[PDB]
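First, one chain by itself in structure tokens, the form solved without the ligand.
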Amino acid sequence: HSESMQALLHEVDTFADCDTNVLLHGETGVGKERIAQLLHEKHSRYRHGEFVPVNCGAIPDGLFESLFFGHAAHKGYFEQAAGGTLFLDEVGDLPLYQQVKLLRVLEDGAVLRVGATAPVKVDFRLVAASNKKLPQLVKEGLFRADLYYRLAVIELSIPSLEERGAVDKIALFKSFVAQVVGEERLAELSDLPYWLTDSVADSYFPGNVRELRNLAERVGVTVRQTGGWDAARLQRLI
């Protein structure tokens, strides 16, 4: 692993087993959800609940209320994460009105389903994530200050693939390839071609770890279905 990842996983070890809100920073495909699931697993109480991941940028306005608060019948995100961890990715993509609704839930610790007269108490660990500079968005009026100040307590920055370096890239790539082909079969094949791992090291991955895993998956499939390293089919992948 790289120094950056060791420091992050160290921060995770330090701040996981408490009830404080966490804000994750990092590019898309960097592993923010996985880090959130790690915070979930490592919390002595909330581990017994469900992990509920939400992409706040992929929610049409007409469905926000139903998807978050549910219906008197549908169980919304908040109620789904009761006693567990709620993961709000793309939190900056929330419109102001939805930011307010979220804040009220965090403040009041309750949810009113659409059609109900009685609110239901909810308790979840909150992990929010963003690839934007949230303080700039607050200054610009695009993100509510009060919501930010409630969200941005524990802050973790997850480094991109380029920041993690070539050493981490290859170790991830080889790890992924092994999981796809199978380590037993990988042992019966020739060694992983030097030009291939060297290509991975010298490649930039805008889609970060997710993109790298896609490449590894495509490599692995070629390997499994041809019983070796087809230099031609592999070259087409880079």
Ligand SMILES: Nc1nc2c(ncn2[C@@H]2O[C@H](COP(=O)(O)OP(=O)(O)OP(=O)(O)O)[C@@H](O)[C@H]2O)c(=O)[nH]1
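Numbers for residues come from their place in the sequence shown, where the first is 1.
Omitted from view is the form solved in complex with the ligand, to which the following refers.
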Proximity to the ligand in the deposited bound form, single hit among 196, 181, 209, 56 (heavy atom within 4.5 Å)
209
Which one of 69, 176, 205, 46 is close to the ligand in the deposited bound form, taking close to mean a heavy atom within 4.5 Å?
176
Which of 26-34, 197-205, 184-192, 57-65 sits within 4.5 Å of the ligand in the deposited bound form, heavy atom basis:
26-34
So, in the deposited bound form, is residue 5 in contact with the ligand at a 4.5 angstroms heavy atom limit?
yes
Report whether the minimum heavy atom distance between residue 213 and the ligand in the deposited bound form is within 4.5 Å.
yes
Considering only heavy atoms, tell me if residue 113 and the ligand come within 4.5 Å of each other in the deposited bound form.
no
Evaluate residue 233 for contact with the ligand in the deposited bound form, applying a 4.5 angstroms cut-off between non-hydrogen atoms, and reply yes or no.
no
Is any part of 159-180 within 4.5 angstroms of the ligand in the deposited bound form by a non-hydrogen atom, and which residues would that be?
164, 172, 176
